[PDB]
**Student:** 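Structure in structure tokens, see below.
Numbers here simply count residues along the sequence, with the first being 1.
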Amino acid sequence: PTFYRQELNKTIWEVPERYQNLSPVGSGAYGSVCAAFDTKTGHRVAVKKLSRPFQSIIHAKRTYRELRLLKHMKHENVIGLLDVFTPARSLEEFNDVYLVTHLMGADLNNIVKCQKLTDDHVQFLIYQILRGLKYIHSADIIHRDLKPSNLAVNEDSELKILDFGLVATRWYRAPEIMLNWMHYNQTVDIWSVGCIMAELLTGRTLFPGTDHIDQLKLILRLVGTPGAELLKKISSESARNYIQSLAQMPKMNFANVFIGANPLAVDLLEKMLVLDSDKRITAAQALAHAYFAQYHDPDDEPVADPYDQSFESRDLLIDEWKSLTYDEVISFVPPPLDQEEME
Ligand SMILES: Nc1nccc(-c2c(-c3ccc(F)cc3)ncn2C2CCNCC2)n1
Ligand SMILES: NS(=O)(=O)c1ccc(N2C(=O)CCC2=O)nc1
Ligand SMILES: NS(=O)(=O)c1ccc(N2C(=O)CCC2=O)nc1
Ligand SMILES: N[C@]1(CO)[C@H]2C[C@@H]3C[C@@H](C[C@H]1C3)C2
Ligand SMILES: [Ca+2]
Ligand SMILES: [Ca+2]
Ligand SMILES: [Ca+2]
Ligand SMILES: [Ca+2]
Ligand SMILES: [Cl-]
């Protein structure tokens, strides 16, 4: 393919003539993103150019990690790869990596910002998040920083999770992540979903804390003071002593917090916004909840193929990560344009 150069976001992009009319649509993880027109299929796409992907072993391994993760994802509610390219003609010149996926116009903040959402619409949005989470969790991939800005949404409210498995808002983070509690499982992401759903229903951030301590206080005012058993998970004595020292707070009745909401929404929120992660509902259990009855379809809530993450434990030299990444670029096989059939 012939490549052309264009200055975008103050740097030179080098892309195949296949992709035209590039225009910037914001930063992404470790890179910046352009919308483009794919002349081969007539589809709109988003192209992410990774920023200095082989600067250090940290950049090199995260480049490999992101390419491995995105090549594995084949789910309608999870960002996956349509293409990956480099202008390099050999490993010796290999220095830039571009990732291509379907174009999604907005993030979830652009859906809820200037719109009073209906309950049926909130159901659809949360249903999609949970469907994608069931899929990535089934491959032992956790998001760990799920938030509205990491939920890509198109013009028809179709949603995909992005930047999974990889100063930022902490308002949606699971408390065990934000506070570095010694144990955490895949339901960290379910706390985030609760936080997002609450905001879709009320138009207000649920836990808008100014710092870690302030946010924990807002959290404990909703869910109540924890039992001694959850202190088991907290390494620092100073943090444990602090929590133990706060005046006892009862759990609030969520029906008095989400006034006038679908009682089924309140019930689901009660199951998700639980301080102890071992008591939280899973994404797969949440999909069977009556709140989603009009959308739930067991035949269309698939799990993932096994995902080999053994590379995560390994320290390799920068040129080995670079070569492994080049291998994954060269071996990529684009999906068919149409991968779905009528039910
Ligand atoms: N507009 C749009 N459409 C799809 C994805 C993205 C995208 C990607 C991304 C990831 C992988 C890839 F291969 C290509 C692009 N990373 C961050 N974003 C965000 C850019 C602005 N915030 C919302 C989405 N942006
Ligand atoms: N925090 S609040 O008192 O501003 C508030 C705002 C909105 C709401 N709400 C509705 O109106 C419909 C569903 C829902 O949850 N509840 C509380
Ligand atoms: N997901 S759940 O519905 O099983 C569940 C489990 C436990 C709890 N909970 C606690 O842990 C302390 C207070 C409280 O209400 N809430 C919901
Ligand atoms: N955001 C709210 C009410 O505005 C604050 C007060 C109380 C506990 C948390 C969650 C709700 C209810 C913080
Ligand atoms: Ca899960
Ligand atoms: Ca269906
Ligand atoms: Ca089809
Ligand atoms: Ca069917
Ligand atoms: Cl694999």
**Student:** Sort and list the pairs that fulfil salt bridge (charged side-chain N to carboxylate O under 4.0 Å, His left out) and have at least one residue in residues 285-312, not counting sequence neighbours.
**Tutor:**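 Counting only pairs at least two positions apart or across chains, the salt bridge (charged side-chain N to carboxylate O under 4.0 Å, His left out) contacts touching residues 285-312 are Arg65-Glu312, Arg131-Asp300.
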
**Student:** Under the ring pair (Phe, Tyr, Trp, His ring centres under 6.0 Å) rule, collect the residues that match up with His72, sequence neighbours excluded.
**Tutor:**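 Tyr307.
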
**Student:** Assign the ring pair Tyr98 / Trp13 to parallel, tilted or perpendicular, where the plane angle (0 to 90°) is split at 30° and 60°.
**Tutor:**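 Ring orientation, 0 to 90° scale: perpendicular.
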
**Student:** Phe164: what forms a ring pair (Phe, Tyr, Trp, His ring centres under 6.0 Å) with it, not counting sequence neighbours?
**Tutor:**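 For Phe164 there are no ring pair (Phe, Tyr, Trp, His ring centres under 6.0 Å) partners, ignoring immediate neighbours.
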
**Student:** Among all residues two or more places apart in sequence or in another chain, which pass the salt bridge (charged side-chain N to carboxylate O under 4.0 Å, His left out) test with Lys134?
**Tutor:**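 None.
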
**Student:** Are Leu162 and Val33 co-members of a hydrophobic cluster defined by side-chain heavy atoms under 4.5 Å apart?
**Tutor:**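 No, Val33 does not connect to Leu162 through the hydrophobic network.
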
**Student:** Applying salt bridge (charged side-chain N to carboxylate O under 4.0 Å, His left out), can you list everything that pairs with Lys74, at least two apart in sequence or on another chain?
**Tutor:**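 Testing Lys74 for salt bridge (charged side-chain N to carboxylate O under 4.0 Å, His left out), a comparison that skips the adjacent residues, returns none.
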
**Student:** Hey, are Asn9 and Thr11 close enough side-chain-wise for a donor-acceptor pair under 3.5 Å?
**Tutor:**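 Not at all, the side chains of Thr11 and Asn9 share no donor-acceptor pair under 3.5 Å.
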
**Student:** Do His289 and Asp267 pair up side chain to side chain, a donor and an acceptor below 3.5 Å, judged on atom types alone?
**Tutor:**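 Their side chains do contain a donor-acceptor pair, which is all the 3.5 Å distance test asks for.
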
**Student:** Would you say the side-chain atoms of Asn150 pair up with the backbone N or O of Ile161, donor to acceptor, closer than 3.5 Å?
**Tutor:**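 Looks like no, no N/O pair under 3.5 Å.
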
**Student:** Would you confirm whether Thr86, through its side chain, and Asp96, through its main-chain N or O, come within 3.5 Å as a donor-acceptor pair?
**Tutor:**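 Here the side-chain-to-backbone pair exists.
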
**Student:** Go through the structure and list residues passing side-chain contact (heavy atoms from CB on, under 4.5 Å) with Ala174, not counting sequence neighbours.
**Tutor:**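 Expected list: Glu176, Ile177, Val188, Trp191, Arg280.
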
**Student:** Of all residues at least two apart in sequence or in a different chain, which pass the side chain to side chain donor-acceptor pair (under 3.5 Å) check with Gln244?
**Tutor:**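 Scan of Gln244 (side chain to side chain donor-acceptor pair (under 3.5 Å), adjacent residues dropped) gives none.
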
**Student:** Considering non-hydrogen atoms only, spot the tightest contact between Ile234 and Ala239 and give its length.
**Tutor:**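 The answer is CG2-CB, 4.0 Å.
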
**Student:** Is it true that a side-chain atom of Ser51 and a backbone atom of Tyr30 form a donor plus acceptor pair closer than 3.5 Å?
**Tutor:**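 Flag not set: sc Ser51 to bb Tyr30 has no pair under 3.5 Å.
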
**Student:** Taking distance alone, no hydrogens or angles, what donor-acceptor pairs closer than 3.5 Å link side-chain atoms of residues 213-228 to residues at least two apart or in another chain?
**Tutor:**
unit_1	atom_1	unit_2	atom_2	d
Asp214	OD2	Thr210	N	3.1
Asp214	OD2	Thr210	OG1	3.4
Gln215	NE2	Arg170	O	2.9
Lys217	NZ	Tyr242	OH	3.4
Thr225	OG1	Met249	N	2.7

**Student:** Got a sec, which pairs hit side chain to side chain donor-acceptor pair (under 3.5 Å) with one end in residues 329-343, sequence neighbours left out?
**Tutor:**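 Listed by first then second residue: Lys71-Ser331.
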
**Student:** Quick one: side-chain contact (heavy atoms from CB on, under 4.5 Å) partners of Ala29, sequence neighbours excluded?
**Tutor:**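 Testing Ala29 for side-chain contact (heavy atoms from CB on, under 4.5 Å), a comparison that skips the adjacent residues, returns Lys48, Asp163, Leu166.
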
**Student:** In terms of side-chain heavy atoms, does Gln294 have a donor or acceptor partner in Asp120 at a distance below 3.5 Å?
**Tutor:**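 Side-chain D/A pair, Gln294 to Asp120: present.
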
**Student:** My understanding is that only residues two or more places apart in sequence, or in another chain, count here; which of them pass side-chain contact (heavy atoms from CB on, under 4.5 Å) with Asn256?
**Tutor:**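 Here the qualifying residues are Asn253.
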
**Student:** Has the side chain of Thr169 got a donor or acceptor atom that lies under 3.5 Å from a matching backbone atom of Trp171?
**Tutor:**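 No, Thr169 side chain to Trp171 backbone: no donor-acceptor pair under 3.5 Å.
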
**Student:** Restricting to side-chain contact (heavy atoms from CB on, under 4.5 Å), what partner residues turn up for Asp83, sequence neighbours left out?
**Tutor:**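 Here the qualifying residues are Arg18, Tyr19, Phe85, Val100, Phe332.
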
**Student:** Does the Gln128 side chain pair with the main chain of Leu159, one donor and one acceptor, at a distance under 3.5 Å?
**Tutor:**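 Yes, the answer is positive, given that a donor and an acceptor are paired below the 3.5 Å cut-off.
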
**Student:** Between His137 (side chain only) and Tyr135 (backbone N and O only), is there a donor and an acceptor less than 3.5 Å apart?
**Tutor:**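 No, because the side chain of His137 does not come within donor-acceptor range (under 3.5 Å) of the backbone of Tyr135.
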
**Student:** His121 and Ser157: side-chain donor and acceptor closer than 3.5 Å?
**Tutor:**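 The answer is yes; a qualifying pair exists.
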
**Student:** Does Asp38 pair with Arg44 as a salt bridge, N-O distance under 4.0 Å?
**Tutor:**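 A salt bridge is absent here (no side-chain N lies under 4.0 Å from a carboxylate O).
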
**Student:** Can you name the nearest heavy-atom pair linking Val97 to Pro53, along with the distance?
**Tutor:**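 So the minimum-distance heavy-atom pair works out to N-CG, 4.3 Å.
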
